[PDB]
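Trainee: need the 3D shape of this:
(chains A, B, C, D, E and F)
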Amino acid sequence: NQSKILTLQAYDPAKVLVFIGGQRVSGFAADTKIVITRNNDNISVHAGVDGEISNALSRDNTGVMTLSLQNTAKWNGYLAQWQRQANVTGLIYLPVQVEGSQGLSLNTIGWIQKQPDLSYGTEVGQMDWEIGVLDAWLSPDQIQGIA
Amino acid sequence: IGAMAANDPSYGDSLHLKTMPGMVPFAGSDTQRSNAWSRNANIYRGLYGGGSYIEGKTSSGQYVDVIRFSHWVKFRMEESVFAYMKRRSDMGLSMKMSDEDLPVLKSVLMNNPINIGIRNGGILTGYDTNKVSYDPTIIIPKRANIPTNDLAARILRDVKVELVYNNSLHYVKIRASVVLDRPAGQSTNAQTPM
Amino acid sequence: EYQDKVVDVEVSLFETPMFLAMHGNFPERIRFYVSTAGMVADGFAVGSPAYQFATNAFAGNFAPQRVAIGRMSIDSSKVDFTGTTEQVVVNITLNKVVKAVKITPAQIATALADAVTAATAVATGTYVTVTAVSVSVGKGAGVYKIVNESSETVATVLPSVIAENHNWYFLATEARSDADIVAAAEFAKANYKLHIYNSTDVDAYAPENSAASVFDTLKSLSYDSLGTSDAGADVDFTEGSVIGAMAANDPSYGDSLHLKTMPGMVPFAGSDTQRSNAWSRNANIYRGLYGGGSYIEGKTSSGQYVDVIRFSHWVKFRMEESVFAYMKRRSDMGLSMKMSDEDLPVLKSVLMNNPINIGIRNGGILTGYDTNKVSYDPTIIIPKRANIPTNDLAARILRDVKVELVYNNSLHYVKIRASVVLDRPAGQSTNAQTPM
Amino acid sequence: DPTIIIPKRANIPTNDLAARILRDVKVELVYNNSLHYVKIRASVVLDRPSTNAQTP
Amino acid sequence: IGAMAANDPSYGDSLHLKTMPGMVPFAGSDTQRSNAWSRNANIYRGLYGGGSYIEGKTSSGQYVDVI
Amino acid sequence: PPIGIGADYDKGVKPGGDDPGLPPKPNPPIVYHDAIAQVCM
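Mentor: Numbers count the residues shown, from 1 in each chain, chains lettered A, B, ... in the order given. Take a look at the structure below.
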């Protein structure tokens, strides 16, 4: 029914901006651009023998962010240099930002957690870089009307 | 100046109650102190065997700490924006007025001043009760909202920031009570207070 | 705002009732005090009925921290010595001036009047009648009563007070005439207040057939009021203690007024048959047992327990509050509620949240399963749109929301059956089967 | 459901044709009013009390 | 006017309980409220520590929002 | 009862007449700036 159109402007995936270290990322893969996850659930429940229930608030909010890039992309070079930079000098952190075109944003600092699996074949491959983000609270700021 | 020169503004620390070698305790009476305070003429008291500056109020009545904090924030924001912009224009690839390039100012500002102020404790954070968060806010306009004259002059206006500030403690009051006989039994209404 | 000292030390060594006193100490029809120290600053003579009520109320184990004083314009005051006495003292306060005096009852009255003239006082019979020269009188020491008079009737004064301020729950009146008591009870029953009154009448103990008392008067009409018989009813106005033992009690626990201690009152001195008669009249008494005192059964005038009445009032008030608060907040953002099958069910959560889920936690509301073979759990039912009449749609009001609850029962009486054996008890039955 | 009804050229009077005016365009709707009042029938009991079990 | 000027009628929203800063709570008694309701003289009752309009009826008995 | 009301259109009659409408957001004039990026409280 036309009275329940959830998006009056078509969702254009190109509006989703990602900035790492202050430069705009580009050269993404075929299907998925990014994935953001947490490691720990929000609260812990300790239920007693007779049904007494008490809850605790978590204090580890770190998450992991995956970034799919075609292995022919130029940005593979910048990340590869950065790994060695941090391994020797010991400076790992780097600002990270995400723009939620019509969804949830993100703005924190992160570091390269692991390097992907490089494979060469008859087709242009793919790479999944893991950018661990220090704090992973999604922000609704892009949405209007949030009272 | 020597008691304030190396103090880092980002901590929001207060000039109140600091010791300043070289000066001598003020010898006026209580009413003289009250008058001097009415004039915002800071004095140097001597208490409990030492000395102490008092309240560091400026001429206009505002606390000196807020003034120093505001100046520090202003200077470092200008510095941080200019440094990024120049470095980004020295490789070619100069910044451009577009919806795809302006948002990065959020990270630029959030990085240098704000994330140091929060760590040192000058800038406040959390949630209130007013029922509104204390967290810093950054807002940047889109291209659609930029006037023709602003485009012609190639300058961006109306970037808005918002912060909250801590408060050093100056005065404290106490209410003691002494009992000589046996105190009487308390109320025994062991309910949950509504 | 200058503070000369950085650190300084002093080293200094709930529902609210309303009492309808008669006086002229302030113009407003009502005022709120946090202690008798605030009252005396207004010129209240120590030992005056309002002062006595406040001081009794504030000392209870569940005492409130705000007492409301009514005002019916005082006409005159009396001091009667029908009871014999030898030292006598009276506290009398002129404008901003408090003073005391000293002293067969008629001669005592004459001497007291002469000492007062040493304001306006004249002796007559065994009592002194006092009037204020355009004055409050309170208890000192002695058996003498104090009876104030006014030309304003309670039945008509009360509406002005409630209009001025409605933020009070209990209701106590100085005028102890039967007509005044009945009018107060009727007014409370209509405005959802709680009516309380002590009585020094003697017909209460009378045989179970003599209906010559205000207690039976109220019982016949089946009003609700916490009626108690007391000796010092009209010398200390012990309604204060009764309220102070109940004011801060949370209704949601379903706790009982039975067997509580109320400072200020004195043990009842009637015999067993007198107690039985008073019980037959629902005139609660204050017994003294095992070295202390204890209220008994807190029955209302109509026979219903006071706990159920308080619980019902609390549930009603909080349900209305909870529904209104949600509805207004939902209408302040636009998006006002609407009569549709997709919007009405939320009232289930609205009601289940505020009153019910606190009542269950505190234990006032019962839950579980029975044997009747039916659950005790609360039930909420809301009609659909198809069942709403045209006139109800036109008036935009929803009817017939139904709720159902169960209630706990505090324990009052217990009986035991002991048995003592002197010789060797005999062997028991050895049928070690499983009993069918 | 709201409805819209429009006439045909054959039904338009010749005078209306001459004047260049269109008449009798009609619309219909229903308004969805809001709620104002609520009433409840609570009941408190010390306990609780036909078994047909046949579909009506 | 400040409590109804901006919200569009497409929501079917009424005027029943909207708070209006600047108004003074009605003071009369319940009998006076009943009297006023008969003449379609809407009042601003103060309830539960706040102010609230009442039912927004017009002169001829019709509701304002339908008009 | 149902509320009857009519609507009309005419060739030259604008709905708003010629009302100027709300004031526009002005374009600031072009001036010299000393600071590349200035912050003022």
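Trainee: around chain C, which positions in chain A sit nearby?
Mentor: Contact residues (Cβ under 8 Å from any Cβ of the partner chain) of chain A with chain C: residue A:147. Where you see a C-beta, it was placed from the backbone N, CA and C, and this is true even at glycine.
Trainee: longest strand in chain A, by residue count?
Mentor: Ranked by number of residues, the top strand in chain A under DSSP state E is strand A:106-114.
Trainee: packing partners of that one?
Mentor: helix A:75-89, strand A:94-98, strand A:127-133 (3 or more Cβ pairs under 8 Å, 6 or more residues apart in numbering or on different chains; DSSP states H and E).
Trainee: now that strand: buried residues?
Mentor: For strand A:106-114, the neighbour count (16 or more other Cβ atoms under 10 Å in any protein chain shown) marks A:106-112 as buried.
Trainee: got JSON lines for the residues you listed, with distance to residue C:54 too?
Mentor: JSON lines is the format used below for those (distance: Cβ to Cβ, whole Å):
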{"residue": "A:106", "distance to residue C:54": "62"}
{"residue": "A:107", "distance to residue C:54": "61"}
{"residue": "A:108", "distance to residue C:54": "61"}
{"residue": "A:109", "distance to residue C:54": "64"}
{"residue": "A:110", "distance to residue C:54": "67"}
{"residue": "A:111", "distance to residue C:54": "70"}
{"residue": "A:112", "distance to residue C:54": "74"}
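Trainee: now for the residues you listed, which pair is the farthest apart?
Mentor: For these, the farthest-apart pair by Cβ to Cβ is A:107 and A:112; their separation is 18.2 Å.
Trainee: and residue A:98, what does it touch?
Mentor: Contacts for residue A:98 (Cβ atoms under 8 Å, 6 or more residues apart in numbering or on different chains) come out as A:16-18, A:34, A:36, A:105-107.
Trainee: what residue is smack in the middle of chain A?
Mentor: residue A:65 (3.3 Å; Cα atoms, centre = their mean).
Trainee: SS state for that one?
Mentor: Following DSSP: H, G, I helix; E, B strand; the rest coil, we place residue A:65 in the strand state.
Trainee: apart from its chain neighbours, what residue comes closest to it?
Mentor: Nearest residue to residue A:65 in three dimensions, chain neighbours excluded: residue A:131, at 4.5 Å (Cβ to Cβ, 6 or more residues apart in numbering or on different chains).
Trainee: so that neighbour versus residue A:34, what's the distance?
Mentor: 9 Å (Cβ to Cβ, to the nearest Å).
Trainee: ok, these two, which is more surrounded?
Mentor: residue A:131 (21 against 15; other Cβ atoms under 10 Å in any protein chain shown).
Trainee: which ones are touching the more buried one?
Mentor: Residue A:131 touches A:20, A:64-67, A:96, A:110-113, counting by Cβ under 8 Å, 6+ apart.
Trainee: now with 6 Å, please.
Mentor: Each residue near residue A:131 by Cβ atoms under 6 Å, 6 or more residues apart in numbering or on different chains is listed here: A:65, A:67, A:110.
Trainee: give me the neighbour count for residue B:152.
Mentor: Look at residue B:152: counted by other Cβ under 10 Å, it has 10 neighbours.
Trainee: now swap in residue A:22 and tell me
Mentor: Other residues lying near residue A:22 total 16 when counted by other Cβ under 10 Å.
Trainee: and residue B:168, by the same measure?
Mentor: Residues lying near residue B:168 (other Cβ under 10 Å) number 13.
Trainee: so who does it touch?
Mentor: residue B:14.
Trainee: again, but for the one 5 residues further on
Mentor: Applying Cβ under 6 Å, 6+ apart to residue B:173 gives the contacts residue C:8.
Trainee: who's the residue nearest in space to the middle of chain B bridged to?
Mentor: In chain B, the centroid-proximal residue (Cα atoms, centre = their mean) is residue B:165; its distance is 4.0 Å. Beta bridges link residue B:165 to residue B:123, judged by DSSP bridges.
Trainee: could you check how far residue B:20 is from residue B:54?
Mentor: In this view, residue B:20 and residue B:54 are 11 Å apart by Cβ to Cβ.
Trainee: give me the more crowded residue out of those two.
Mentor: Neighbour count, other Cβ under 10 Å: between residue B:20 and residue B:54, residue B:54 has more, with 20 against 14.
Trainee: over to the more buried one: give its phi and psi.
Mentor: Residue B:54 adopts backbone torsions of phi -140, psi 110, taken as degrees, to the nearest 10.
Trainee: next one: it from chain F, what distance?
Mentor: Distance, residue B:54 to chain F, by Cβ to the nearest Cβ, to the nearest Å: 26 Å.
Trainee: and what of residue B:31?
Mentor: The spacing between residue B:31 and chain F, counted by Cβ to the nearest Cβ, is 37 Å.
Trainee: can I assume that residue sits in a helix?
Mentor: Yes: per three-state DSSP, residue B:31 lies within a helix segment.
Trainee: from residue B:106, how far out is it?
Mentor: Where residue B:106 is concerned, residue B:31 sits at a distance of 54 Å (Cβ to Cβ).
Trainee: those two - which one has more neighbours?
Mentor: residue B:106 (20 against 9).
Trainee: which residue does chain F bring closest to chain E?
Mentor: As assessed by Cβ to the nearest Cβ, chain E sits closest to residue F:3 within chain F, at 6.6 Å.
Trainee: got the contact list for residue B:45?
Mentor: With contact taken as Cβ under 6 Å, 6+ apart, residue B:45 is in contact with B:52, B:54.
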